Ligand SMILES: CCCCCCCCCCCCCCCCCCCCCCCCCC(=O)N[C@@H](CO[C@H]1O[C@H](CO)[C@H](O)[C@H](O)[C@H]1O)[C@H](O)[C@H](O)CCCCCCCCCCCCCC
Ligand SMILES: *[C@H]1O[C@H](CO)[C@@H](O[C@@H]2O[C@H](CO)[C@@H](O)[C@H](O)[C@@H]2O)[C@H](O)[C@H]1NC(C)=O
Ligand SMILES: *[C@@H]1O[C@H](CO)[C@@H](O)[C@H](O)[C@H]1NC(C)=O
Ligand SMILES: [Mg+2]
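Residue numbers (the deposited numbering), protein chains in the order written: chain G, 1 to 60, 62 to 100, 103 to 135, 137 to 206; chain B, 1 to 97; chain H, 1 to 63, 65 to 103, 105 to 247; chain A, 6 to 280.
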């Protein structure tokens, strides 16, 4: 490939700045584009630059270009959760529609919440119109990871962040459930690295 | 195939047997550019031949000058052989005294 | 972005059967593209066009065909659906924009799942699980958990509606639905979502919470021969009222 | 009294996989440059081939020509897919300028396909020729999308070329106005009769190209004298063959007259038969 992006993937906390790189061997060189692609959606155009331009801005996205070293970077200012996407570098060899577009592999950026006050706790929710459940692992920080189930009849979900905008409060949560009536919330995330000070219900 | 080569064979200086001279072949009015031009001595290809860069005239037809140093005699026959898409077979134009 | 369309947004069809994906544009851009993208993977160019009756082949090899009989329409066809065609398909156009450069405009994309049989298609069952009492006396916050189970294909849109109005705050849904039986080929899927509201807002009896799952399935042109209801594109809900005690 | 610079390009596409691009430049009649498909750079054929242009300015053009060649080749290939044209393909370019007295200069960029004009560069943009097929419109559409190229062609035609030719005209001054005297001899061609004779007046070795040759009886011209094409010699001098098919016999008292600038009106006269 004549377009290479670094890194392949990276994980950052919110409110941080980061820089994604793009190198190309394409010649002749007309223009370079940055695309943001959210999983399950078409790429959305962030920037386009020509050889005579060293910088371009679109909100918290600043693309720089150095035509001598066939090098671009995308600097993301003050990362938020919605920045979690694939970032695509694409170069064109013609100023017209007659040319090739060279696509980078894409850089998968994940933005996790910087949880200030962690109260890691497993809970047990009652079922609304049916009996008799769901275990909610919640309020852990982004250091803790959730491993999937070994057993076929047990279902453990990946960690997900909700943003309570008004209260300005973010929290990770992962959900476990099972068909077997014996299933207990105490053994639910046994295959995951739980923190020691984790609260359990009764 | 569009335009047939016009071939003209001539010497730089007036021909004198035993005296060194140049044999010129000028192929022109042809299109397209893909052509083969050979200078013959007694019907056999001369290998020591230089040529001008393929060029073209105002009407876009192509022209080439092929040339070699040579000493003419009485019994040595000289010719120019051109093959081209417009020709059914190679065309030979002999050099006339 | 907004001036290029793809229908349907989601598509499920049986193996062997013919497939046509609609890509259109209201602009008059000659230059148009079809991409194929498996989840996680890169964008592979499968077809491109310079205008009508132009149908060039892309970088990636494909048994799909395209047709350009109108400027504004670029239908893609697969004459015989097979499971390996399961992927995302992205349409694109090129034309002038805010400056003197020709730029790409990507359509929203079509998600295609080729199944072995249509009897494998099932609508989701949906349940809402009401907050743990221990959470309310500990965090002073309440988490509502929603579960969508037993659906195939994983063509699903989930939303929370508080008091008849859709909310996004304190909400989050798994990016990927997981397989209920990770060994079967056309395994059914499950998906969960969390809506978190304050302990106060939960304990009010007047408040109404609905978890909505928009399922994409079969249409009028699909044949159905089984006793159970035809698993057409449908909404399945679960609801819970606020509770003080 | 004028000397156009003509940059000439021949490009051949046998199939999607086999091509060549060669070129050359003429200042009037003299070839100043050569550029072969297998060469990295354009070649300077005269010691004065660079004009007043500096090494860096020449290298700038060198890089431009380098990128142009590879990009042209690929654009034609892709146009071929688009316009459903069958190989083989023949493309030629005639580009350049001429510096006129005082101030002005006209320039040109014409392109031909399978021997015929299809489009040119007019002012700022690519323009089809009057009798070009409709598919040519489609190519113009796409070419005219490329803003950088349209500007670059402008810079070359309006700026670089006239500056360049001005340096060449100065730098090759002596070689351009040089005079080399011709040599003429008579011969007898194959008989077109009987009883008709074919008389031949050969003139070779003259420079520059413009010349006057005719068969005459005394001071009277022989209408019927067929002059030939003015033919190139390898040493950049020229050759000519004027024929006359006359009956008999008489004349006999017939004379070939050669007029060149070498050669200040002191014409070379040759009488039949003195050969
Ligand atoms: C021209 C007069 C100046 C000469 C001055 C004196 C020099 C000394 C004499 C030596 C001469 C030697 C003989 C050489 C004869 C060749 C004459 C040709 C002139 C050179 C033209 C230079 C064009 C430069 C622009 C160019 O290369 N374009 C490139 C690159 O552009 C790309 O890269 C650029 C940056 O590198 C930009 O990013 C751009 O947006 C992107 O698209 C672009 O790709 C152009 O399309 C290339 C072709 C241009 C001419 C096409 C005209 C005919 C085409 C019609 C064919 C119809 C098809 C039918 C099947
Ligand atoms: C004239 O010059 C072309 C450009 O250098 C040649 O094309 C090249 O062919 C080689 C194959 O050996 C490739 O590796 C290279 O990338 C390029 O395409 C072309 O063949 C040549 N033509 C003739 C007449 O030999
Ligand atoms: C194309 O080019 C030449 C004919 O000039 C031939 O030798 C070659 O095999 C042809 N076919 C290709 C390479 O597709
Ligand atoms: Mg149009």
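Note that CB positions come from ideal geometry on N, CA and C, so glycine has one too.
7 angstroms Cβ cut-off: residues of chain A touching residue i
{"i": "residue 28(G)", "result": "72 and 76"}
{"i": "residue 95(G)", "result": "151"}
{"i": "residue 101(H)", "result": "152"}
Member of the options whose CA lies at the smallest distance from the CA of residue i
{"i": "residue 42(B)", "options": "52(B), 8(B) and 72(B)", "result": "72(B)"}
{"i": "residue 190(A)", "options": "200(A), 218(A) and 227(A)", "result": "218(A)"}
{"i": "residue 206(H)", "options": "246(H), 156(H) and 194(H)", "result": "246(H)"}
{"i": "residue 193(A)", "options": "271(A), 23(A), 204(A) and 240(A)", "result": "204(A)"}
{"i": "residue 100(A)", "options": "165(A), 106(A), 44(A) and 94(A)", "result": "165(A)"}
{"i": "residue 62(A)", "options": "168(A), 75(A), 163(A) and 201(A)", "result": "168(A)"}
{"i": "residue 166(H)", "options": "201(H), 172(H), 211(H) and 65(H)", "result": "211(H)"}
{"i": "residue 135(G)", "options": "138(H), 129(H) and 136(H)", "result": "129(H)"}
{"i": "residue 233(H)", "options": "57(H), 170(H) and 155(H)", "result": "155(H)"}
{"i": "residue 146(G)", "options": "192(G), 122(G), 63(G) and 153(G)", "result": "122(G)"}
{"i": "residue 147(H)", "options": "47(G), 155(G) and 180(G)", "result": "180(G)"}
{"i": "residue 190(H)", "options": "90(H), 4(H) and 120(H)", "result": "120(H)"}
{"i": "residue 108(H)", "options": "95(H), 180(H), 118(H) and 18(H)", "result": "95(H)"}
{"i": "residue 83(G)", "options": "20(G), 155(G) and 37(G)", "result": "37(G)"}
{"i": "residue 280(A)", "options": "91(B), 80(B), 78(B) and 16(B)", "result": "16(B)"}
{"i": "residue 126(A)", "options": "19(A), 91(A), 115(A) and 232(A)", "result": "115(A)"}
{"i": "residue 89(A)", "options": "50(H), 76(H) and 82(H)", "result": "50(H)"}
{"i": "residue 18(H)", "options": "230(H), 223(H) and 238(H)", "result": "223(H)"}
{"i": "residue 101(H)", "options": "78(A), 151(A) and 255(A)", "result": "151(A)"}
{"i": "residue 255(H)", "options": "213(H), 227(H), 216(H) and 92(H)", "result": "A question about residue 255(H) goes unanswered here, because the residues of chain H that appear run from 1 up to 247."}
{"i": "residue 221(H)", "options": "45(H), 173(H), 10(H) and 4(H)", "result": "10(H)"}
{"i": "residue 192(H)", "options": "176(H), 180(H) and 199(H)", "result": "180(H)"}
{"i": "residue 106(A)", "options": "8(A), 68(A) and 54(A)", "result": "8(A)"}
For residue i: DSSP bridge partner residues
{"i": "residue 36(A)", "result": "31(A)"}
{"i": "residue 33(G)", "result": "48(G) and 91(G)"}
{"i": "residue 46(B)", "result": "For residue 46(B), which the question treats as bridged, DSSP gives no partner whatsoever."}
{"i": "residue 196(H)", "result": "147(H) and 174(H)"}
{"i": "residue 193(A)", "result": "204(A)"}
{"i": "residue 174(A)", "result": "The partner list for residue 174(A) (beta bridge, DSSP) is empty, contrary to what the question assumes."}
{"i": "residue 189(G)", "result": "According to DSSP, which records beta bridges pairwise, residue 189(G) is partnered with nothing at all."}
Closer than 7 angstroms: residue i CB and nearest ligand 3 heavy atom
{"i": "residue 20(A)", "result": "yes"}
{"i": "residue 23(A)", "result": "yes"}
Ligand 1 heavy atom lying under 7 angstroms from the CB of residue i
{"i": "residue 77(A)", "result": "yes"}
{"i": "residue 69(A)", "result": "yes"}
{"i": "residue 144(A)", "result": "yes"}
{"i": "residue 151(A)", "result": "yes"}
{"i": "residue 116(H)", "result": "no"}
{"i": "residue 103(H)", "result": "no"}
{"i": "residue 47(A)", "result": "yes"}
{"i": "residue 53(A)", "result": "no"}
{"i": "residue 167(A)", "result": "no"}
Residues that residue i contacts on chain G, provided the C-beta gap is smaller than 7 angstroms
{"i": "residue 176(H)", "result": "161, 162 and 164"}
{"i": "residue 83(A)", "result": "99"}
{"i": "residue 128(H)", "result": "Ordered by position in chain G, no residue passes the 7 angstroms Cβ test against residue 128(H), which lies about 10 angstroms from the chain."}
Where residue i meets chain H, residues with beta-carbon distance less than 8 angstroms
{"i": "residue 59(G)", "result": "Per Cβ cutoff of 8 angstroms: no residues; residue 59(G) is ~15 angstroms from chain H at best."}
{"i": "residue 203(G)", "result": "136 and 140"}
9 angstroms Cβ cut-off: residues of chain H touching residue i
{"i": "residue 51(A)", "result": "Near residue 51(A) there are no residues of chain H at all, since even the closest Cβ is about 41 angstroms away, more than 9 angstroms."}
Neighbour list for residue i in chain A, Cβ cutoff strictly below 8 angstroms
{"i": "residue 105(H)", "result": "The contacting residues do not exist; residue 105(H) stays about 12 angstroms from chain A at best."}
{"i": "residue 54(H)", "result": "87"}
Any non-hydrogen atom of ligand 2 within 7 angstroms of residue i CB
{"i": "residue 94(G)", "result": "no"}
{"i": "residue 43(A)", "result": "yes"}
Neighbouring residues, chain A, relative to residue i (Cβ below 9 angstroms)
{"i": "residue 28(H)", "result": "Result: empty, since nearest Cβ-Cβ is about 12 angstroms, beyond 9 angstroms."}
Neighbour list for residue i in chain H, Cβ cutoff strictly below 7 angstroms
{"i": "residue 186(G)", "result": "What residue 186(G) touches in chain H: nothing, since even the nearest Cβ is about 18 angstroms away."}
{"i": "residue 43(G)", "result": "108"}
{"i": "residue 126(G)", "result": "134, 136 and 137"}
Proximal chain B residues relative to residue i, where beta-carbon distance stays under 9 angstroms
{"i": "residue 36(A)", "result": "52, 53 and 55"}
Check your reading: residues with Cβ closer than 5 angstroms to ligand 4 heavy atoms: 28(H) and 30(H)
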